[PDB]
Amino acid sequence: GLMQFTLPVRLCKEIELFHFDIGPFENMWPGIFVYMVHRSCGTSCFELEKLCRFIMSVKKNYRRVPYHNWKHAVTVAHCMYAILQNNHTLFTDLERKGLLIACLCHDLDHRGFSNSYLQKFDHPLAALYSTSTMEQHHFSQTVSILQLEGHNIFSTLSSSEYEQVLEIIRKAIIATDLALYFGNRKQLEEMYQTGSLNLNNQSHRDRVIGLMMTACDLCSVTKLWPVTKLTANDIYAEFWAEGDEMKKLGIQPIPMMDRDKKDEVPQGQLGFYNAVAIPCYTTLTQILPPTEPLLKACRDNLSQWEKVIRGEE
C-alpha cells in the first residue's frame, strides 16, 4: 500500500536522464522498471503482486541472445519513461500504462533473427504472419502472459479501457518493425510541416506513439560512446550469426550480416545513423521538443563513428 521503490542516489538521479544505462546487475532491472511505472503512472496503476509476477514471466520469455534480450526490453522501457516524464501532460492515463508494458514486451521470445531470415528459412511463424512476422509474435506472447493466472495487471480496467490498452500495446509493438518506420516518419514529417498534425486525431496519435517506439527501440545510439560502441558488438554478433545461417541456406547475406566484411563496420554505422537514427530523432524532436537530448546524443555518436573512420580511434 505505502511501499515506494527507491534507488541508490546515483541511480535515483541518472534514471531521469535520457542517456541512463541500467547497469550490469540483472537482479536490479525489475526494481528499476517498477520504480519507473510508480513515478510515470502512480503507485496505484497496477497491483504490485501482479506486476512483479508479470515482470518475471516476461523476463523468463526473453532468450539469452546477444542483443534482443531482457536487458534490451528494460533499456527500451527506460527510454519510453524518459519521454513520458519530459512530456507529462501530452498523454492519457491509459497511454502511460500501456506504453511502458509495450516496451518491456516489444521483443518477447526473439531468437536473434530478422523477419527476412524467418521467411527464407520458411519458419512456421512466417506462414502464421506474412508481415511484421516477429512483431505479431511478440504481441501474441504478450497477450499469453497477460492471460496466465495471477498475471492480468489490467484486471481493474473496464471492459472498454482494457480493449483500448491492448490496442495501444498492439500498435506500439507492430511499429517496432523498422520496415514500417520509414513511411511512418515521412508522413509525420509532412503532417508537421504543412501544419495538419493533430494530437486529437487518434490516427495521428498512433503515428506519434509509433515514432516514440522506434526512438526507444534505437535508444542504444543515444547513450554515452562507451555504451553505444559495446552495444554495436552485441548487435553485429546477432547479424553475423544470421549471416552464417543465410550462407548455410545457400544465400549470400547482405554485407551488414557478413562477418567477412567486419572491416567496413564504421562506414555501415554512418549509413545507419544518416538513413535511420538521425531522421528518427530529428522528426521526434520537432513533434516533441523536450526529446532533443536524444537527437544531440545521436549526433555525438555519429561524430564518434566519423572519428573511428579517420584512424583517431
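Rigid core here is just the name for the largest C-alpha set that superposes within 1.5 Å across the two forms. Numbering starts at 1 and follows the sequence shown.
Handout entry: More shifted region, core-based fit in 7 other deposited structures of this protein, 58 to 66 vs 22 to 30 by CA
Key = Most displaced of the pair in 7 other deposited structures of this protein: 22 to 30.
Handout entry: Positional deviation of Cα atoms in 7 other deposited structures of this protein after core superposition, greater for 116 to 124 or 168 to 176
Key = It is 116 to 124 that deviates more in 7 other deposited structures of this protein.
Exercise for the section: Identify the stretch, either 22 to 30 or 48 to 56, whose C-alpha atoms have the larger mean B-factor according to the entry. Expected result: 48 to 56 has the higher mean C-alpha B-factor.
Practice task
Between 70 to 78 and 201 to 209, name whichever shows the higher mean Cα B factor according to the PDB entry.
Solution key: It is 201 to 209 that shows the higher mean C-alpha B-factor.
Problem - Which of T214, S114, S160, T142 ranks first by CA B-factor in the deposited coordinates - result: Comparing C-alpha B-factors across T214, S114, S160, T142, the maximum falls on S160.
Handout entry: Entry-reported Cα temperature factor of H137, expressed as the chain third it lands in
Key = Ranked within chain, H137 CA B lands in the lowest tercile.
Problem - Lowest, middle or highest third - CA B-factor, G195 - result: Highest third of the chain for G195's C-alpha B-factor.
Practice task
Determine, from the deposited record, the chain-internal third of the Cα B-factor for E245: lowest, middle or highest.
Solution key: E245: CA B-factor falls in the lowest third of its chain.
Practice task
Quick one: classify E189 as lowest, middle or highest third of the chain based on its Cα B-factor.
Solution key: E189: CA B-factor falls in the highest third of its chain.
Exercise for the section: Place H88 in the lowest, middle or highest third of its chain's C-alpha B-factors, as listed in the PDB entry. Expected result: It falls in the top third of the chain.
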